[PDB]
Amino acid sequence: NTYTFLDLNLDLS
Amino acid sequence: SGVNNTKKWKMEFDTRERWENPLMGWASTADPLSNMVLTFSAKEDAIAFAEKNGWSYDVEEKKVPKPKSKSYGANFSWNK
Amino acid sequence: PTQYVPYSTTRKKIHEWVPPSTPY
Amino acid sequence: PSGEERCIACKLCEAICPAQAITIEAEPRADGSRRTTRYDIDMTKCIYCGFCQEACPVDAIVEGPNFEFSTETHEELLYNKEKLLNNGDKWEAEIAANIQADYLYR
Amino acid sequence: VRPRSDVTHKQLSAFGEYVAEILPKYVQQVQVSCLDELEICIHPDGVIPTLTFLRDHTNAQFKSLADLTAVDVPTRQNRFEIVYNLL
Amino acid sequence: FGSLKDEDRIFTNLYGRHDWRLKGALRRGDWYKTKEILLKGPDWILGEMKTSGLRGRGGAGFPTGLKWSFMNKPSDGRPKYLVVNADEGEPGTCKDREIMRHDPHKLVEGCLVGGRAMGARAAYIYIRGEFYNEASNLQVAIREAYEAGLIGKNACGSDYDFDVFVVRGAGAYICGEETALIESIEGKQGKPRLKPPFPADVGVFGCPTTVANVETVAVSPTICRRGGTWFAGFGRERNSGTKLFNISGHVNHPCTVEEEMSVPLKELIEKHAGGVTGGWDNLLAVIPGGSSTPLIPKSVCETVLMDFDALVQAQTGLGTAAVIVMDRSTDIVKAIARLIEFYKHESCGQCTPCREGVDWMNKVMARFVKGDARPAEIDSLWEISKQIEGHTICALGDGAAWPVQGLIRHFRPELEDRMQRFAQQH
Amino acid sequence: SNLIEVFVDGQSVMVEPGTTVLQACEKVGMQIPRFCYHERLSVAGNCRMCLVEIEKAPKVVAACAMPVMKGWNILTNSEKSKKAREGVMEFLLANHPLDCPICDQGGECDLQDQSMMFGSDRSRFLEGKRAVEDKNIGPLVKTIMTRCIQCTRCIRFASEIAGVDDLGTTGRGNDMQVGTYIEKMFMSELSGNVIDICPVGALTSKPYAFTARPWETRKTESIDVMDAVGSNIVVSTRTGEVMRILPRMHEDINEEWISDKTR
Amino acid sequence: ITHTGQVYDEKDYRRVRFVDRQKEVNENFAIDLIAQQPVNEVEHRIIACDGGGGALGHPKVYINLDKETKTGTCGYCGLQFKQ
Amino acid sequence: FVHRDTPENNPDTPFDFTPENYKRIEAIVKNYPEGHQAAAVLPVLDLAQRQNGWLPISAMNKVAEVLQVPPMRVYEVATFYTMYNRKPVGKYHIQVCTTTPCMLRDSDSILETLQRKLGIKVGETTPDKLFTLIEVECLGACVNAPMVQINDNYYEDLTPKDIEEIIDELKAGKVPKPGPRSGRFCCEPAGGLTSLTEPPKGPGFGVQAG
Ligand SMILES: Cc1cc2nc3c(=O)[nH]c(=O)nc-3n(C[C@H](O)[C@H](O)[C@H](O)COP(=O)(O)O)c2cc1C
Ligand code: SF4
Ligand code: SF4
Ligand code: SF4
Ligand code: SF4
Ligand code: FES
Ligand code: FES
Ligand SMILES: [Zn+2]
């Protein structure tokens, strides 16, 4: 997915 | 940014008339001591030349750049 | 192989305030 | 050849003239290019050293072959851009041949 | 690079001391330029004495005066620098 | 003498074969003594690396312990930081792509094990943006670890606090540079800084910082676990420890094997990996450390072995230990020529010697491949090469000069012939 | 106290801790050839034309940057620090367009001089040159930026002395061009100083485009009357009409800068 | 009048010098001659301009005909080049 | 490197982060240290690229706005990195690795095949505006040299027809098994796993004392 790395960032946040 | 022309003192005579020439438009000057700029190594010696030659003098003190503190690390400071 | 006249070509350098022609 | 005068007013022909003969003042021509408004060689002041020929980067000022230009009046000897450009147009064919022959040497 | 011959630089230096000793009076700052040229410098009073010794000394005969000139350093208190070049 | 045991081998998950995820990592037992190690002390951790005598696993070689020791100095009220550069722009450095993708965890505990050694508040991992999928793998791994409580405040059931972050690279080889990784992290253009203000002294956001090759961070927890000595023994003198070796180009089975260091160069293609394609005599040259290091011709190839001391004797650098091999079937003049093309498309241009110099060598190198240039020009490229080597702000100009120097040093006759070939056909 | 002892080719001067290697040479009196270093602008290290050789050291150091340490003798006229300048000047000149008889910073070039004193007698760049695209920075500064030596003093001044923060570097490699990404004029007072501060004649003054050439200009030192700061200025007059007014340094009043109005 | 336009007004003295004489002015005024020059079309992004004839021309410069928006003009010949 | 305003690529093209995108933004800043909005511009610029490949001048101005930085600051970041595209990007945007390692192992070989298959020059988008080929530099993953990253497809170890096969897959259908189409796994000696063919030691194996 184009945003999968970025979505993974929010959870870490 | 070179500073090799800010080393020796020079005394320069006051500037005078530079009227345009009618035939060719070249600048024309009636003042003989215009282009003359004598170079003297020290302020004391230049003052002496004016006194014995009888020309009036108004000495200007040398102004040299003040020491400025610089360090590449300082601007990397996000704080400031 | 087989009378000039010299002049300044540059124009005026300082222009002049022309009086207002309107009288006051 | 196109017809644009070679001089671009760098004014070092004025700088190296030994006699102070050449007087040049310039301004950007409307084209935006750089050209000399006034170029005056005072031939009576000139001592025909030929350094100007040497110094010019575009080689706009050249020592032309003619030596017979004796004049009745002193003013005629003073030369402005129009006389020199006219002198250039008249003798361009031989000047080009002369520069052609000697440029390898320089 | 000019073809310097150290052989000269030395011989002329040696003469420069020779003259400096012979006329301790009137002679100061004797130096051999990097151009293989000697330039004894003398107090103005030593004009007559130093020249005469050079014109008439067996070990230093300097018969002809090539030139007498005076540079003018306005800064220098003593404005003129009379220079006598001898052969 | 290489031939390290599998048990000794550091990244067992290399080549995958084991869950890169935490449960695979637990079977790996990567998080086994983490609480203990941190408890021992920061001083205990640096004692372990000093005893290990590990050298930088990135292109530059420096004692790892001394580098970490530098910012172990007392905090001056600025939070200390950890920066892990997962960027590996250098050709043949697919190595670090392994740890990140295959064994993300090893690096996660490498980060906190390393973190308390420098007392870093937090660690940012700059994986090259090119690797988007790779990023997907690590933060999944990082997310697992915190969920576990392995990382975060009171990480691993200990007083110490750590937070690990991943930063997106944007296709720049120079971003890799130590001072430039920081600026990319800082958000300004990726342009290196001068070393006078050293990275520890003025790091990122003006807070002391340290930068490590991902391999360097990854081995620190296992080296503390196995002890510096175990790790110290494998190496040779100053050289020590196993470093992953990537062999790419003109070899029968190109692969990254973490076989032992100090390996005869002839041995690693012949014994592991794949013997040089076409035979060991079909070796026009070997690039030991990647594009930055000078290539060595076959004559010296087997004699020398892969360790940094031996290579510097050989005039080449272990670097990233990326072995690129060129059979007798390659136009080296063009091979090295594309590496100079690799550097003109990439140097930042901040410094005059690299900006014009690397472009100047690129133009001359392209003419050299054609053979248009005369024989006398060859030496000039050399003189151009050392002007760039010692004058550059960063090391990339250092790096651009070395391949050029290698081509002239060992293959000068071939370039002259290409010179000759064009002159003959006119 | 706070007087490290550093040697300038032996003069053994004593300087405050934290003075740059370039600064140490200045007090002895030596001048490191420099580009991209201006006294009242931040040190950037872009040109590295100032590489000098501290004694007993493997590599040459960046003068403007290395804080001089204790007892490091600077060798400013060594056989090395001259190959470190003979080889940099090779590079700046290589991509340079030779239109010195167009560049109105003809005699006012800090790049011909340093070439003409510290650089090399001839060129070896038999390859081709680059060209950038002249853009509009406004009605006062003519940016013939194919001249630019990417020295980043403009980007500094335009951010540090004046708060414009517009000019910036764009791209990497040998086509890093230091011009506004979108064409937005550099409109601010203090604007004309860029002319005076760019040692190259890439961007120069458009009104004083080609009216003169500096050797001719007779320079008389006078006072700014347009504004009440009374900034010191030098009026450059040729054959009796003023040709340019450029700043002359007064530490207290205008320290090397003058307003867009008064020039 | 001339290339620059130097001219003397009726009230202008200094115009007598021409009385019964002739003034030196130029046909073939250059201002228009290059404007009369065709735009040298080129293929490459950048082009040179020896001025024509190498040593017998101008110090070579490379012009960036990169934008059709503008035909590069060598500062020496005033020759416009059409990308 | 000059943005000459064009009707398509100029701020008339309005740009604004999707409610969802803006969310992503906040997260980014916090990840970065407190009071340092500037670090977030390269990631925020990346999400503008994620939003739209073109990323026009309007988009960069918004980035600077959201990140409250000098606009130029964003312009400089976008120009320096090749990852960002300041011009429209093909849907697939394949990039071929042509550094010496890949070339030595035939990288060039692949190129010729792809140019013909896409039937277009290297460096521009297909008329279909479906494909864009560019000769990018080392993309990592050299052990697998033949290589072509298509939007992170990072296909590797690709024989010519392989790509053709992949391109077709892209041309009709989607998700063409991205990865090394070769049998080998990730990077592995094609022969096998000489490095470690034994089982991995478990937790606390031979852990040194102390
Ligand atoms: C142009 C250039 C690119 C570099 N790229 C990388 C890289 O991608 N990865 C890396 O670990 N080191 C790279 N380095 C080396 C770094 O500058 C630095 O020395 C190293 O990352 C420190 O890690 P270590 O001390 O753990 O070896 C690069 C250096 C230069 C000059
Ligand atoms: S004549 Fe030659 S030198 Fe004198 S200005 Fe015109 S061009 Fe420059
Ligand atoms: S060398 Fe100079 S230019 Fe090349 S990268 Fe390092 S800094 Fe940027
Ligand atoms: S700047 Fe202008 S003057 Fe100085 S060198 Fe380049 S061109 Fe000649
Ligand atoms: S413009 Fe003048 S100042 Fe700005 S970079 Fe180019 S040269 Fe340095
Ligand atoms: S002058 Fe030395 S860094 Fe620019
Ligand atoms: S060069 Fe193609 S990936 Fe390393
Ligand atoms: Zn021309």
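It should be noted that the structure appears before, not after, this text.
Enquirer: What is the right way to read the arrangement of the chains from this model?
Expert: Once contacts are tallied for each of the 18 pairs of chains in contact, the highest total is for chains F and I. For chain D and chain E, which are not in contact, the least C-alpha distance works out to 23 Å. Separated without contact, chain D and chain I have their nearest C-alpha atoms at a distance of 23 Å.

Enquirer: Can you walk me through unusual backbone geometry in this structure?
Expert: Trans peptide bonds make up most of the peptide bonds, and negative phi angles are found at most residues other than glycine. In this structure, F:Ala273 is a non-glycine residue whose phi angle is positive, near 50°. With respect to the helices and strands, the residue F:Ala273 is situated in the loop between helix 10 (265–271) and strand 8 (285–287). With relative accessibility at 14%, the residue F:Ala273 sits in the buried group. Its identity as a non-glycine residue notwithstanding, G:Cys36 has a phi of 80°, on the positive side. In this structure, G:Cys36 sits in the loop between helix 1 (21–28) and strand 3 (51–54). In this structure G:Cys36 comes out as buried when scored by relative accessible area, which is 1%.

Enquirer: Before we go on, may I ask you to explain the environment of I:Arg4 in this structure?
Expert: All names here are of chain I. Along the chain, the position of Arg4 falls in the segment before helix 1 (19–31). For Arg4, a relative accessible area of 45% corresponds to the partly exposed category. Separated by 53 residues in the primary sequence, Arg4 and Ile57 have C-alpha atoms spaced 9.7 Å apart. Within the structure, the side chain of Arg4 is placed 2.8 Å from the backbone oxygen of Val2, a separation counted as a polar contact.

Enquirer: Please clarify how the sheet that holds strand 1 (residues 94–96) of chain I should be interpreted in this entry.
Expert: All names here are of chain I. Taken together, four strands build an open sheet; the order of strands is 2-1-3-4 and the sheet is mixed. A single partner strand is all that each edge strand has here, and the edge strands are strand 2 (133–134) and strand 4 (155–156). For strand 1 and strand 2, the ladder comprises two bridges, and the chain directions are parallel. What sits directly across from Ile94, in strand 2, is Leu133.

Enquirer: Mind showing me how you'd approach the sheet that holds strand 4 (residues 209–213) of chain F here?
Expert: Sheets are built from strands paired through backbone hydrogen bonds, the pairs being either parallel or antiparallel. All names here are of chain F. Strands sit in the order 3-2-1-4 across an open sheet of four strands; the sheet is parallel. Pairing within the sheet leaves two strands with one partner each, and these edge strands are strand 3 (164–168) and strand 4. Going from strand to strand, the sheet's axes swing by 25° on average, the running direction of each strand aside. As defined by bridge partners, strand 2 (residues 122–127) adjoins strand 3 across five bridges and the pair is classed as parallel. For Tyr126, the partnering residue across the bridge sits in strand 3 and is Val167.

Enquirer: Whenever I open this one, empty space enclosed by the protein confuses me. Can you help?
Expert: The rolling of a water-molecule-sized probe over the atoms marks out the regions of remaining empty space. As a volume, the largest cavity reaches approximately 280 Å³. Along the walls of the largest cavity sit 17 residues, with F:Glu7, F:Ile10, F:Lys106, F:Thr222 and I:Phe205 positioned nearest its centre. Looking at the lining of the largest cavity, the element that brings in the most residues is helix 9 (residues 214–234) of chain F, giving four residues. For the lining of the largest cavity, the class distribution of residues is three nonpolar, five polar and nine charged. Formed jointly, the lining of the largest cavity draws a minimum of three residues from each of two domains, domain 1 (1–53) and domain 2 (54–233) of chain F. Put simply, the second largest cavity is a space of about 180 Å³. Lining the second largest cavity are 16 residues, with G:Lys135, G:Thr143, G:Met145, G:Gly179 and G:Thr180 positioned closest to its centre. Here the residues of the lining of the second largest cavity sort into seven nonpolar, five polar and four charged.

Enquirer: Got a minute to help me understand the state of the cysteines in this structure?
Expert: What makes a disulfide is a covalent bond joining the sulfur atoms belonging to two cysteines. Residues and elements named next belong to chain F. Counted under the stated rule, the structure contains zero disulfides over all chains. Counting only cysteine sulfurs, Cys224 is the nearest neighbor of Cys111, a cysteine outside any disulfide, at a range of 13 Å. Not engaged in a disulfide, the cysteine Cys207 finds its nearest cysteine sulfur in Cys111; these two sulfurs lie 18 Å apart.

Enquirer: Explain the pattern of salt bridges to me, please; I cannot follow it from the model alone.
Expert: Once the charged atoms of two side chains with opposite charge are near each other, the side chains can pair. Residues and elements named next belong to chain D. Summed over all chains, the structure comprises 73 salt bridges over all chains. With a shortest N-O distance of 3.0 Å, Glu5 and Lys81 are connected by a salt bridge. With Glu5 in the segment before helix 1 (12–16) and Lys81 in helix 4 (residues 81–102), the pair connects residues that are 76 residues apart, well separated along the chain. When sorted by exposure, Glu5 lands in the same class as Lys81, which is buried.

Enquirer: What's the story with the nonpolar core in this structure? I'm lost.
Expert: In summary, soluble globular proteins display a tendency toward joint burial of nonpolar side chains. Grouped together as the largest cluster of nonpolar side chains are 126 residues, with contacts concentrated most on F:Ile332, F:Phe368, F:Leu381, G:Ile74, I:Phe17, I:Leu45 and I:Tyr81. It is helix 13 (residues 332–344) of chain F that provides the largest number of residues to this core, a total of nine residues. Beyond its immediate stretch of four places on either side in the chain, I:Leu45 contacts I:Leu55, I:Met60, I:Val63, I:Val74, I:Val77, I:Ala78 and I:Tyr84. Counting residues in hydrophobic clusters, the runner-up holds 87 residues, among them F:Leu46, F:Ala135, F:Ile269 and F:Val323.

Enquirer: How should the packing of helix 6 (residues 107–118) of chain I against helix 7 (residues 160–171) of chain I be read in this particular structure?
Expert: Angle between the axes and distance between the axes are the two parameters that describe a pair of packed helices. All names here are of chain I. Close contact between helix 6 and helix 7 brings their axes to 9 Å; oriented N to C, the two are set at 35°. You can see that helix 6 and helix 7 cross each other, and the crossing is right-handed. Between helix 6, through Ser109, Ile110, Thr113, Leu114, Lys117 and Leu118, and helix 7, the contact on the second element is made entirely by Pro160, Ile163, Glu164 and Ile167. Grouping the amino acids of the contact of helix 6 with helix 7 by side-chain chemistry returns six nonpolar, two polar and two charged.

Enquirer: Even after reading the chapter, I still don't get the interface of chain I and chain F, so can you show me in this structure?
Expert: Much of the literature gives interface size as the accessible area that the parts lose upon coming together. Residue-level contacts link 63 residues of chain I with 79 residues of chain F. When the two sides are added together, the surface that chain I and chain F hide from each other amounts to roughly 5,700 Å², 61% of it contributed by carbon and sulfur. With a closest N to O distance of 3.8 Å, F:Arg338 and I:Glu137 form a salt bridge. Run the count over chain I and chain F and you get 14 residue pairs in polar contact. Mapped by element, the contributors of at least two residues to the side of chain I that touches chain F are helix 2 (41–51), helix 4 (71–80) and helix 5 (100–104) of chain I. With five residues, the single largest contributor to the side of chain I that touches chain F is helix 4 of chain I. Residue composition of the side of chain I that touches chain F, by class: 31 nonpolar, 19 polar and 13 charged.

Thresholds applied
- Residues numbered from 1 in each chain as written, not as in the entry; some residues may be left out.
- Chains lettered and ligands numbered in written order.
- Part of a larger assembly, values for the part shown.
- Heavy atoms only, no water.
- Contact = heavy atoms within 4.5 Å.
- Helix = DSSP H or I, 4+ residues; strand = E, 2+ residues; numbered from the N terminus.
- Buried < 20%, exposed > 50% of the residue type's maximum accessible area, 1.4 Å probe, protein only.
- Polar contact = N/O pair within 3.5 Å; in protein donor to acceptor, adjacent residues only side chain to side chain.
- Pairing = 2+ DSSP bridges.
- Axes fitted to C-alpha atoms, helices over the stretch in contact; angles between N-to-C directions.
- 1 Å grid on protein atoms, 1.4 Å probe; cavity = no way out; pocket = protein on both sides within 12 Å on 5 of 7 lines; lining within 4 Å.
- Points joined across faces, edges and corners; volume = space filled by probe spheres on them.
- Nonpolar A, V, L, I, M, F, W, Y, C, P; charged D, E, K, R; others polar.
- Domains from an automatic or database assignment.
- Disulfide = S-S within 2.5 Å.
- Salt bridge = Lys/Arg side-chain N within 4 Å of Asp/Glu carboxyl O.
- Core = buried A, V, L, I, M, F, W, Y, C linked by side-chain atoms within 4.5 Å.
- Left-handed = near helix turned anticlockwise from the far one by under 90°.
- Buried area = accessible area lost by both parts, 1.4 Å probe.

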